[PDB]
Protein chains: 2
Amino acid sequence: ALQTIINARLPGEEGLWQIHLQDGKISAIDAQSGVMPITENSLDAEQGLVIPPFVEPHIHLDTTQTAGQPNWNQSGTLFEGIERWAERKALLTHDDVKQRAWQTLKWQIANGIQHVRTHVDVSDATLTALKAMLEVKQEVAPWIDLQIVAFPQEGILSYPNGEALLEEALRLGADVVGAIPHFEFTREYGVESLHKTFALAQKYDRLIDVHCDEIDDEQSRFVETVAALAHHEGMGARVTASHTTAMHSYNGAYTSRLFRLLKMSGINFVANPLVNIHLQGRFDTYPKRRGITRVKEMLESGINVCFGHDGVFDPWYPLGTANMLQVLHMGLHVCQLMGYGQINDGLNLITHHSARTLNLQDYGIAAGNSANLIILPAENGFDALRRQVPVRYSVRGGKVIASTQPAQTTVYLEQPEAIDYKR
Amino acid sequence: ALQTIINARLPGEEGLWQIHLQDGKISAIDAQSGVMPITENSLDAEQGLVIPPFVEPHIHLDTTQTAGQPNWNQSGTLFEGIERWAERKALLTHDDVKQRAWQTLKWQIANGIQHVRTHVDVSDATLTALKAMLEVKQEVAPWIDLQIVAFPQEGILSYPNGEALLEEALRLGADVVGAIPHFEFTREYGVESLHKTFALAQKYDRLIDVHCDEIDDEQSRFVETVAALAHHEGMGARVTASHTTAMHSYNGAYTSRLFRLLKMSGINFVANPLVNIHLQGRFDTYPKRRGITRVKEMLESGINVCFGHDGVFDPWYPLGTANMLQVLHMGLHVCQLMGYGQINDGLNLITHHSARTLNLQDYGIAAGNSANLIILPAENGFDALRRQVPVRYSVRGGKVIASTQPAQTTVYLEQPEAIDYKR
Ligand SMILES: O=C1NC=C(F)[C@H](O)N1
Ligand SMILES: O=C1NC=C(F)[C@H](O)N1
Ligand SMILES: [Fe+3]
Ligand SMILES: [Fe+3]
């Protein structure tokens, strides 16, 4: 088995590094003063970048691969998407869900993703998708640590037996309690639904991840209740507010007041660039707002924010290959995080910040941690992002679980020339 | 007595029809293949349009005919109107109210209106107008079925003994429970007032009709509580939200979310075009908003919406002859329902949709129903609307209760020529 990763570059560090492995864990990390020779049991990073695994903090594996079934989301809105999904949800079968979830999970393994948080719609008395996903979680465990969010897609108080079904999902083993306050019939139901969500999370000792204010409504401020309840309960690390796209439309004075609470609360934020740019701004004519939450300001304020893919060929998103560098690319452009350092540091949005969002306890290139790491054939985050590089090797427990032999491009000029798009 | 209505056109139907009458009811409806000859006991529609009676779903008979007494509403706003009305309310007498209400009711009978819902201000310890209106209801019964809404004009929680007076009005016989959440001192009083309104409606088995969000305030969203409470209680058919002019100013994303609840709830909506275009937009300079609720979108979504006159020469409206085709004309223009089919189908907004709003159980040209119908000297809804035709005959219980001999216009050219404005 592998004993060392050599010739590795690490974000924020100068030079090359060697990562020693023992019993499936990282035993030590030592700097190199030059290039080390390869040998059996040594995986050569070849002066590429070594980082802990990519993370998918927000995806819907129960809906993945169902776009157009039985109908397409014509308007490209969150609301029609939920209606189209309702039609598909009525046709779910156990094997259907497992097969589609596994198809996307394999793309994720290929893309160096070893941690995934999937929401699963539990506004369904049969809990068909949840039962299937709980089996998938066990089956995929050797390659991906899958967290399941009990997501009451049609509301907690606004759907028949919504609260009972949400609790049933937790009793069956869901890892995270979800909610969707802006979809509840009234603002009061929205606020009350959050009190119920927090009570369930404390009763069962589970994490929280709310689909929060995913709407271009400047009056949708459920995020302040999520943050205040987390602060009151002293549980910010365990709480996440997904989307918060309404924040894109808030006035600046309220946002400034709010940011103090967001920081004090310690809660996490997920932005979903590919889906947000598509679903938000649909009620504007021109000009049209971008609709992504205030990622740049969160980073400047030290508030933990990260990026998810959200949908992969489903009612809310017709594209995708479950590639986090592609998600990152979209987010950096739409959020205008286009300075060299902002782009280079972008990898944090799909690695460390996402691990914090998932409350991971064994993550990072550090002595004592499990030997879970990936190798990118690039010099730094900027280079990896610019060239949209594949994952050369994905290592888990000290063993290679995925590898990509890069494409080879040649142009035939006066003489053949290899093109790698580098400078 | 009349035995048949012949040569009748019916909305949405081709050709001519004969309506057989027996014992004050419609016994059968049969198609004709040509024009039928007149005879005694046959009322000839003369290829005009026969429809169930016009309906007035929202009027204030306690304030009708009082404009300028003792002062005029100078600003033309809802707020000053309430202040001017307060001055007039202090001068009310039993006979005063009965005489004015009857004057407008006679115009309504002349205009083919056989169903009227009048709001009556019950923010008055003496309940003077209500006592008078309860007598008028009995007196006008042979010609008009009058519903009375106990309307707490100055608020339920924001007026001394408001709730007690509202309940007293129901104990005296008011048919419908009213409310005015946007006029309450606070948003919290507004929401609480709706819980009290619904509790009273369920306690007494009465209908509900709320003056809801009649204000150009994008934050006035009491309509979501009206719809949610109706859905919770399973009583949408019995509930109406009048005005909802704030909806004209909502962002599109919130409106889309809201519409799902509006449809699921089954509640009714009343727009009051003549008054709304006058009272709304008064705080804008230029451009100036129209201020009518989202009638076009409600129709496209299958949400029941209809039109009322609201005021006839009162604090909120200096004009009127209580003519529903005139109300319809204004609404079609301001709401931009100007396509041929939209205009032609406009009659639904002042007939069937309004009957549903009043929860009527005996309405429509159908076998078994009471023989209540009117004849318009026009080819279809479009023609009736374009030419603002009078009601040729109004029939109730199989007897003629009103008739209008149309005006006769002649131009004296090289020879005299009759002009009917038709093509
Ligand atoms: O409520 C939602 N369901 C599914 C999505 F993809 C979107 O994140 N929002
Ligand atoms: O609150 C109100 N009172 C009277 C009117 F005419 C208007 O409908 N609104
Ligand atoms: Fe989502
Ligand atoms: Fe009114």
Side-chain angles (χ1 to χ4, degrees), chain A residues 56-64 66-67 73 77-79 81-86 89 117-121 123 149 151-155 178-183 209-215 240 242-243 245 270-272 274-276 278-280 308-317 320, chain B residues 58-64 66-67 73 77-86 89 118-121 123 149 151-155 178-183 209-215 242-243 245 257 270-272 274-276 278-280 308-317 320:
Chain A
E56 171 50 275
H58 189 128
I59 192 163
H60 297 255
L61 294 178
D62 58 337
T63 69
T64 192
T66 69
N73 174 350
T77 63
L78 168 68
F79 312 108
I82 292 170
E83 296 187 0
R84 291 292 81 76
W85 167 240
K89 176 163 58 174
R117 170 177 285 176
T118 184
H119 294 260
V120 175
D121 183 356
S123 291
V149 187
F151 172 47
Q153 174 75 90
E154 300 190 40
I180 188 174
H182 55 285
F183 195 70
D209 190 321
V210 179
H211 269 69
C212 199
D213 307 307
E214 189 189 3
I215 184 173
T240 297
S242 281
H243 291 298
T245 57
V270 178
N272 294 298
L274 297 174
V275 171
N276 295 156
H278 160 52
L279 305 184
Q280 303 309 117
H309 202 297
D310 200 3
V312 171
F313 199 69
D314 80 0
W316 304 274
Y317 196 68
Chain B
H58 189 128
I59 192 163
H60 297 255
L61 294 178
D62 58 337
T63 69
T64 192
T66 69
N73 174 350
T77 63
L78 168 68
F79 312 108
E80 180 175 347
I82 292 170
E83 296 187 0
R84 291 292 81 76
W85 167 240
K89 176 163 58 174
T118 184
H119 294 260
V120 175
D121 183 356
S123 291
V149 187
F151 172 47
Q153 174 75 90
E154 300 190 40
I180 188 174
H182 55 285
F183 195 70
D209 190 321
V210 179
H211 269 69
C212 199
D213 307 307
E214 189 189 3
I215 184 173
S242 281
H243 291 298
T245 57
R257 195 285 282 163
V270 178
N272 294 298
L274 297 174
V275 171
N276 295 156
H278 160 52
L279 305 184
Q280 303 309 117
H309 202 297
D310 200 3
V312 171
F313 199 69
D314 80 0
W316 304 274
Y317 196 68

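Within every chain, numbering begins at 1; the chains are lettered A, B, ... in the order of the sequence lines, protein sequences first and strands thereafter. Every number for a ligand or one of its atoms is a count from 1 in the order of the listing. Hydrogens, waters and symmetry mates play no part in the numbers below; they use all other heavy atoms, side chains included.
- From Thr63(A), atom OG1 reaches atom CH2 of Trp316(A) across 5.0 Å, with rounding to the nearest 0.5 Å.
- Scored by the side-chain hydrogen bond (donor to acceptor under 3.5 Å, both in side chains) test, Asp121(B) finds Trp85(B), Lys89(B) as partners (sequence neighbours excluded).
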Nitrogen or oxygen contacts under 3.5 Å, ligand 2 side and protein side:
| from | atom 1 | to | atom 2 | distance (Å) |
| --- | --- | --- | --- | --- |
| ligand 2 | 1 (O) | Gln153(B) | NE2 | 3.0 |
| ligand 2 | 3 (N) | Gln153(B) | OE1 | 2.9 |
| ligand 2 | 8 (O) | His211(B) | NE2 | 3.3 |
| ligand 2 | 8 (O) | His243(B) | NE2 | 2.8 |
| ligand 2 | 8 (O) | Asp310(B) | OD1 | 2.9 |
| ligand 2 | 8 (O) | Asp310(B) | OD2 | 2.8 |
| ligand 2 | 9 (N) | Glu214(B) | OE1 | 2.8 |

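- Residues meeting the side-chain hydrogen bond (donor to acceptor under 3.5 Å, both in side chains) test with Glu214(A), sequence neighbours left out: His243(A).
- A heavy-atom distance below 4.5 Å is not found between the side chains of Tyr317(A) and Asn272(A).
- Note on ring orientation: taking the six-membered ring where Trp is involved, the planes of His119(A) and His60(A) are parallel (angle under 30°, cut-offs 30° and 60°).
- The closest side-chain heavy-atom distance from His309(A) to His58(A) is not below 4.5 Å.
- To the nearest 0.5 Å, atom CG of residue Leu78(B) and atom CD1 of residue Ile180(B) are 6.0 Å apart.
- One finds the CG atom of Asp310(B) at 9.0 Å from the CG atom of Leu274(B) (value rounded to the nearest 0.5 Å).
- Here the Fe ion (ligand 3) has protein N, O or S atoms under 2.8 Å from it, and they come to 4.
- Here the closest non-hydrogen pair linking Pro181(B) and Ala179(B) is CD-C, 3.8 Å.
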